[PDB]
Peer 1: 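Okay, handing you the structure first.
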Amino acid sequence: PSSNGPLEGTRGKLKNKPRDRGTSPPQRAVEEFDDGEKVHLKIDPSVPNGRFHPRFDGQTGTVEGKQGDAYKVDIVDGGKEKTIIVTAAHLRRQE
Amino acid sequence: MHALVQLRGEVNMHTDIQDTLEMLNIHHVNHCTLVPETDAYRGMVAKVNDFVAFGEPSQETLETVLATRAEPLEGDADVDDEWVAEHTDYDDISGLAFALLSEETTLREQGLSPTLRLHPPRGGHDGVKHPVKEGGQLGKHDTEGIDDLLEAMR
Amino acid sequence: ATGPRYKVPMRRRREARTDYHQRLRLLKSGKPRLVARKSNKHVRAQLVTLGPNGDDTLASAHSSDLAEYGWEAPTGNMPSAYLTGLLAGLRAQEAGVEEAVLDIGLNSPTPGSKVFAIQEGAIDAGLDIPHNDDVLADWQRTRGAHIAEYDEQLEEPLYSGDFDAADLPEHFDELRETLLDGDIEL
Amino acid sequence: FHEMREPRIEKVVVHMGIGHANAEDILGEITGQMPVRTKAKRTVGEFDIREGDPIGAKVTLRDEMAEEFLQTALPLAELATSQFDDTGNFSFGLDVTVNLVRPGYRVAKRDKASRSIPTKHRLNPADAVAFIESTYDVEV
Amino acid sequence: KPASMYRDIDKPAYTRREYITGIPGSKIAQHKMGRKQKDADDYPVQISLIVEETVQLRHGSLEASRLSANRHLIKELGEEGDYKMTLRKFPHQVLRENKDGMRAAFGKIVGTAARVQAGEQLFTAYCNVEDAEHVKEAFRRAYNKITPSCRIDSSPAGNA
RNA sequence: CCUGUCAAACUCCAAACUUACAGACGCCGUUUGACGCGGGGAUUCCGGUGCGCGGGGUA
RNA sequence: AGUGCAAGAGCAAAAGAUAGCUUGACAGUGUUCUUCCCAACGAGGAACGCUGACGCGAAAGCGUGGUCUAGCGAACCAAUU
RNA sequence: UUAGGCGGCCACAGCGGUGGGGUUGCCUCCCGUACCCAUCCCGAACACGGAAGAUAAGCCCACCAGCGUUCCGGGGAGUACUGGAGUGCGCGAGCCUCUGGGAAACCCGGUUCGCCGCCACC
Ligand SMILES: [Cl-]
Ligand SMILES: [Cl-]
Ligand SMILES: [Mg+2]
Ligand SMILES: [Mg+2]
Ligand SMILES: [Mg+2]
Ligand SMILES: [Mg+2]
Ligand SMILES: [Mg+2]
Ligand SMILES: [Mg+2]
Ligand SMILES: [Mg+2]
Ligand code: NA
Ligand code: NA
Ligand code: NA
Ligand code: NA
Ligand code: NA
Ligand SMILES: [Sr+2]
Ligand SMILES: [Sr+2]
Ligand SMILES: [Sr+2]
Ligand SMILES: [Sr+2]
Ligand SMILES: [Sr+2]
Ligand SMILES: [Sr+2]
Ligand SMILES: [Sr+2]
């Protein structure tokens with residue numbers, strides 16, 4: 001890459017499909033998850049805050065608690081265990 | 001139930017393809033194994049499609065090979081009808097051959113090594129650089145084609 | 001509408017019925033919502049909770065079913081609104097609900113208005129609802145005093161269908177008196 | 001059917017597009033109510049680079065205030081077909097605009113469940129000329 | 001410059017003018033010849049020159065082939081003959097040349113070419129049953145001025 | 001309306017395929033102790049070739 | 001369109017505009033990620049918390065600067081609280 | 001749901017169009033400014049108070065496909081492209097065969113003029 005900031009090469013993954021453009025529905029921004037639940041991580045282009053590092057888009061982690069209204073999700077980056085702080089708006093239950 | 005025989009060596013073959021063979025219990029050239037026709041196994045053989053020869057053998061052929069190449073999970077004990085009867089849930093080889101072909105049991109379940117260590121093909125094979133439809137020996141065979149191979153390697 | 005790339009607002013947005021930005025902030029409380037609404041003739045209070053396939057109303061009251069307890073007056077005024085909130089509130093307490101956040105939809109936060117009267121009502125019923133006293137109309141107005149004095153400037157009865165001539169805020173009292181009473185069939 | 005279809009006057013907006021005001025006083029007399037300042041947008045070569053600043057004034061009249069104005073304002077104009085909108089509005093002259101519409105226009109001016117007025121309920125130039133002409137004056 | 005330098009499709013598509021400046025002008029004079037006021041449908045015969053290999057044709061080559069082709073159609077049918085020929089391709093691919101060793105080698109802009117897939121029609125003519133051989137001859141001359149071998153395929157024409 | 005063409009820094013579409021998690025089968029581990037963890041010792045940080053996909057360059 | 005400035009991205013009862021008010025561009029201390037994919041490494045950065053004190057709002061709530069990704073600096077020493 | 005409120009999905013729901021519906025019921029338009037409140041000017045809106053009138057708007061109900069969208073059949077197409085393999089072809093750029101996957105445009109015929117949840121209600 002020519003540069004190395006967090007949003008490097010994220011044109012696609014952080015752009016909205018034209019029809020999904022505009023403020024997102026509140027339901028998924030208020031969704032509650034339980035410890036142990038499996039959640040897919042996917043940033044919502046329309047939601048500015050509560051995001052994780054784009055590099056983690058597509059991970060399916062495990063909720064292990066929360067910090068304020070955000071959730072602490074456990075994932076394994078390659079072989080390294082990491083904890084990700086992420087709000088409901090960027091999460092989806094698995095299955 | 002299809003019979004798998006490795007006909008192409010490990011040198012230069014993709015590692016994920018080599019691990020697939022090993023998971024299918026084959027670790028040498030000319031070694032044959034019997035695999036149930038499930039979706040899971042289907043993907044596996046499809047992946048090793050270019051380094052093997054497979055197909056469904058006839059009851060008789062399976063019986064010939066078992067008689068001549070089947071082995072105990074351990075030991076050099078010869079495997080014949082008496083061995084089969086005194087060690088398996090069948091009366092003789094045929095009962096085993098039938099249960100295998102009908103996918104009711106596996107060589108392991110009956111205290112037999114999952115692998116049949118065949119002999120080089122008498123009179124050679126059709127070549128390992130081309131598939132069956134092109135005159136080679138690789139890929140899926142006719143029950144008659146597979147029987148020809150398995151018998152020449154009895 | 002125009003083409004593949006055209007962006008159509010969410011249904012409740014086209015219908016101009018739901019302010020999604022306010023809704024979100026509302027839902028962040030984690031508490032139930034005291035949905036205060038009003039029509040030209042009626043007032044409706046609902047205690048809504050969040051659900052998998054849509055909201056869930058746990059309790060509610062309509063100004064219409066106010067008569068069911070002794071109300072012969074119009075149902076689109078301050079006294080009506082307060083009592084409706086209180087009734088809805090009381091029913092709320094019955095269903096196990098104990099706290100709420102005022103959701104006034106697309107109505108304006110005007111001091112002393114009806115949605116605020118609905119709120120004062122629901123609060124008196126025993127419901128814990130974040131509020132601010134100096135934005136609520138003074139007691140008398142809630143009772144309906146402002147209307148009596150309006151009928152004072154008579155010459156022609158305020159109400160067509162005779163409920164009375166000089167109107168009665170004292171009736172409001174009789175009704176509230178009845179509602180705060182245990183007996184009452186909620 | 002006709003009672004809820006027969007036109008009316010929503011608003012009469014008198015205004016003087018000056019360009020730098022002192023004229024508020026006359027409007028406050030010819031109409032009857034307070035006028036409002038008029039701000040401009042975009043910079044303009046004609047010594048008009050100041051974005052927000054007085055440049056005009058207008059007065060929107062409704063109900064009686066509107067009619068009591070037109071009674072003495074309309075006679076001061078020679079209305080014509082062209083001088084009309086595609087919506088049924090007309091403005092003559094100091095500008096004088098008349099906004100005509102059918103009964104329930106509120107449906108598009110209210111906050112809750114507002115909605116656009118169907119083309120059928122939209123007033124027409126012909127339907128407008130009629131109503132007006134049908135009250136103290138002629139057309140073209 | 002030899003065409004061997006640019007005839008192959010061995011480089012990314014380079015056509016974005018918003019990121020490329022100094023692009024030389026095309027040498028192709030016209031893309032529609034003959035009587036262009038008339039429709040191609042008004043002719044009983046339609047013959048195309050088809051490329052047999054995928055390649056790149058520099059605008060200099062298009063101009064030469066188109067020229068030596070139409071020029072023949074003019075000499076044999078007149079400056080107003082009843083026919084019409086079309087060069088359906090345009091040179092969108094910008095070409096470079098590194099003209100200082102291999103250091104900072106990105107080349108300067110030197111021309112344009114049209115990418116033609118094998119089997120495609122480069123030229124297409126429409127004529128009357130009479131001048132069918134005159135157009136077949138114009139094409140023979142044209143394919144002698146472009147890299148690939150070509151097929152002179154006759155579309156509407158059952159007058160054999 | 002018709003008719004002629006395009007895009008590494010275009011996209012109304014859209015693969016093969018790569019990839020997170022889980023279950024199943026396979027293989028493996030519980031005297032051959034896997035997975036994980038702590039500690040000692042390194043060597044290494046001129047690479048090359050084929051194939052696939054490339055970017056530069058006439059090559 | 002606008003949103004200070006590259007580019008790509010976000011935003012419409014707003015993240016834009018206008019008006020009014022206000023100083024959260026606040027103090028203390030963390031979690032996590034990033035910097036440095038995997039995989040150890042500082043300064044710097046971000047998201048998300050707790051505590052304290054405040055602003056605005058009816059209230060939910062918003063405000064840990066400017067919608068997001070650039071605008072940055074070790075030890076020793078000096079000045080400062 | 002003989003007209004209501006709060007929603008979930010967020011065009012299969014859009015755009016446009018046709019027909020039907022309301023005496024003390026519902027929603028509205030509607031009537032009206034003493035109060036709470038309101039317009040940098042306007043009871044337009046916001047807010048409050050109310051029933052003389054009305055179903056013309058809106059809204060709800062029934063429906064139409066011309067545009068947009070969703071899905072489906074048939075054709076394009078097992079084409080384009082492609083993971084694995086080859087002492088197959090080609091001067092070469094490149095192509096072919098076997099194995100496993102597999103489009104897009106577009107045409108023709110259908111589908112689509114919302115679906116669903118909670119509450120309230122002759
Ligand atoms: Cl993160
Ligand atoms: Cl309402
Ligand atoms: Mg990309
Ligand atoms: Mg042994
Ligand atoms: Mg051979
Ligand atoms: Mg120093
Ligand atoms: Mg200092
Ligand atoms: Mg009607
Ligand atoms: Mg060769
Ligand atoms: Na969105
Ligand atoms: Na001013
Ligand atoms: Na140099
Ligand atoms: Na740091
Ligand atoms: Na109606
Ligand atoms: Sr190249
Ligand atoms: Sr040639
Ligand atoms: Sr990749
Ligand atoms: Sr921010
Ligand atoms: Sr009015
Ligand atoms: Sr050559
Ligand atoms: Sr298939």
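As a basis for the values below, the full set of heavy atoms in this structure was taken, side chains included, without hydrogen atoms, waters or symmetry mates. To find a chain, count down the sequence lines: A is the first, B the second, and so on, and within it residues start at 1.
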Peer 1: In this structure, are over 12 heavy atoms from other groups packed under 6.0 Å from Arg28(A) atom CZ?
Peer 2: yes
Peer 1: Counting only heavy atoms not in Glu94(C) (residues, nucleotides, ligands), do more than 12 fall under 6.0 Å from its CD?
Peer 2: no
Peer 1: If you draw a 6.0 Å radius around CD in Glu64(A), do more than 12 non-hydrogen atoms from other residues or ligands fall strictly inside?
Peer 2: yes
Peer 1: Which atoms of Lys28(C) are under 4.5 Å from chain A, going by heavy atoms: the side chain, the backbone, both sets, or neither?
Peer 2: neither
Peer 1: With rounding to the nearest 0.5 Å, note down the distance linking CG in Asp20(A) to NZ in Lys7(C).
Peer 2: 8.5 Å
Peer 1: Taking atom CD as the centre, does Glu68(C) end up with more than 12 heavy-atom neighbours from other residues, nucleotides or ligands that are less than 6.0 angstrom away?
Peer 2: yes
Peer 1: Might you point out which heavy atoms bring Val30(A) and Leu24(C) nearest each other, and give the distance in Å?
Peer 2: CG2-CD1, 3.7 Å
Peer 1: Are there over 12 heavy-atom neighbours, none belonging to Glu177(C), within less than 6.0 Å of that residue's CD?
Peer 2: no
Peer 1: Given a strict heavy-atom distance threshold of 4.5 Å, which part of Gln27(A) is in contact with chain C: side chain, backbone, both, or neither?
Peer 2: side chain
Peer 1: For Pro9(C), is it the side chain, the backbone, both, or neither that has a heavy atom closer than 4.5 Å to a heavy atom of chain A?
Peer 2: neither
